[PDB]
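Engineer: The first sequence begins at 2 in UniProt numbering and counts up one residue at a time.
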Amino acid sequence: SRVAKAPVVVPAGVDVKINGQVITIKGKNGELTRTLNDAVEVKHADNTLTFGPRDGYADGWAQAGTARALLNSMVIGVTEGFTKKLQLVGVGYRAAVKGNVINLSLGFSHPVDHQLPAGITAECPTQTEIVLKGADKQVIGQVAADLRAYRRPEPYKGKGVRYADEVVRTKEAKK
RNA sequence: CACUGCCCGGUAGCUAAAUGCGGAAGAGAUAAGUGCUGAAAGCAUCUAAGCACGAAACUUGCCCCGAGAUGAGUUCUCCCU
Ligand SMILES: [Mg+2]
Ligand SMILES: [Mg+2]
Ligand SMILES: [Mg+2]
Ligand SMILES: [Mg+2]
Ligand SMILES: [Mg+2]
Ligand SMILES: [Mg+2]
Ligand SMILES: [Mg+2]
Ligand SMILES: [Mg+2]
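1) Kindly give me the distance between the Cβ atoms of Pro154 and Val169, rounded to whole angstroms, as I take these residues to be in contact under 8 Å.
2) Excluding the five sequence neighbours on either side, which residues of its own chain have a C-beta within less than 8 Å of the C-beta of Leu148, listed in chain order?
3) Opposite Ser106 in the DSSP bridges: which residues?
4) DSSP three-state label for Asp114, please.
5) Excluding the 5 residues flanking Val76 on each side, which residues of the same chain have their C-beta closer than 6 Å to its C-beta?
6) Could you tell me whether the region 11–31 touches the region 69–83, using the rule of 3 or more Cβ pairs below 8 Å?
7) Just how far apart, CA to CA, sit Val9 and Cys125?
8) Is the region 51–62 touching the region 24–43 in the sense that three or more CB pairs, one from each, lie closer than 8 Å?
Below is the structure:
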């Protein structure tokens with residue numbers, strides 16, 4: 002609707018190939034591919050991407066409204082990248098990356114090892130910090146959630162793997 | 001012959017009180033639940049398109065029966081010239 006009217010201007014240095022509903026986008030950071038819904042039209046006059054409804058579908062401007070913001074993120078990923086910072090709060094909590102494997106120490110009797118997917122590369126500058134980078138926005142959101150899901154941040158001291166941006170609302174251990 | 005007359009021991013077999021083993025791990029698709037991206041609805045949103053996770057239940061895996069499975073299947077050999 003009000004999202005699907007506004008065009009996705011695709012900058013130079015970015016290759017865009019339309020194949021029916023399949024849309025590949027190649028750039029210097031990577032290449033990405035998504036099939037659209039059957040309710041969406043897509044076309045291109047050399048600078049802009051426009052997303053129209055195919056006539057006859059009731060969910061026209063919502064399926065075409067989703068398709069704009071998906072491809073608006075595919076362009077940013079192949080030319081800038083999406084980066085997600087994660088920290089650690091607590092005593093003895095520390096991280097370490099070996100190649101593509103985060104090794105966590107989070108208060109358990111066993112070690113914690115994570116296996117980073119095929120487009121995501123991780124970096125611990127600090128033992129209490131993870132910085133991970135990737136082209137696809139949906140995968141850096143999913144990788145960040147699986148690391149936070151080992152010690153979901155405590156409601157008493159904020160303790161555990163949290164996101165960098167968020168506020169963790171704390172509670173007093175009351176009586 | 002007297003309850004095997006009354007008793008004392010005891011081979012084999014059968015047995016428990018004797019002594020071996022078992023319930024699983026793993027796989028799949030989920031429940032309640034938890035999320036990721038994301039519009040309708042410029043924001044927000046687990047959901048409408050798409051992606052992940054999740055239980056002694058479910059489907060397997062473990063044991064036995066099983067082609068009268070009339071939908072009566074397969075392989076190997078033998079006999080009758
Ligand atoms: Mg007599
Ligand atoms: Mg005896
Ligand atoms: Mg199992
Ligand atoms: Mg599952
Ligand atoms: Mg949104
Ligand atoms: Mg959200
Ligand atoms: Mg049990
Ligand atoms: Mg039942």
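Even for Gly, the Cβ is constructed at its ideal location relative to N, Cα and C.
Structural biologist: A quick look at the data gives this:
1) Separation of the CB atoms of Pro154 and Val169 is rounded to 5 Å, and the pair is thereby assigned contact status at 8 Å.
2) Closer than 8 Å at the Cβ level, and outside the excluded window around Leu148, lie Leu87, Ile103, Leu105, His115, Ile131 and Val162.
3) When DSSP reads this structure, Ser106 sits in a beta bridge with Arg95.
4) Three-state result, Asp114: strand.
5) Cβ within range, chain order: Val11.
6) Contact check between the region 11–31 and the region 69–83: three or more CB pairs, one atom from each, fall below 8 Å, which counts as touching.
7) Straight-line Cα distance between these residues: approximately 34 Å.
8) Of all C-beta pairs linking the region 24–43 to the region 51–62, three or more are shorter than 8 Å, placing the two stretches in contact.
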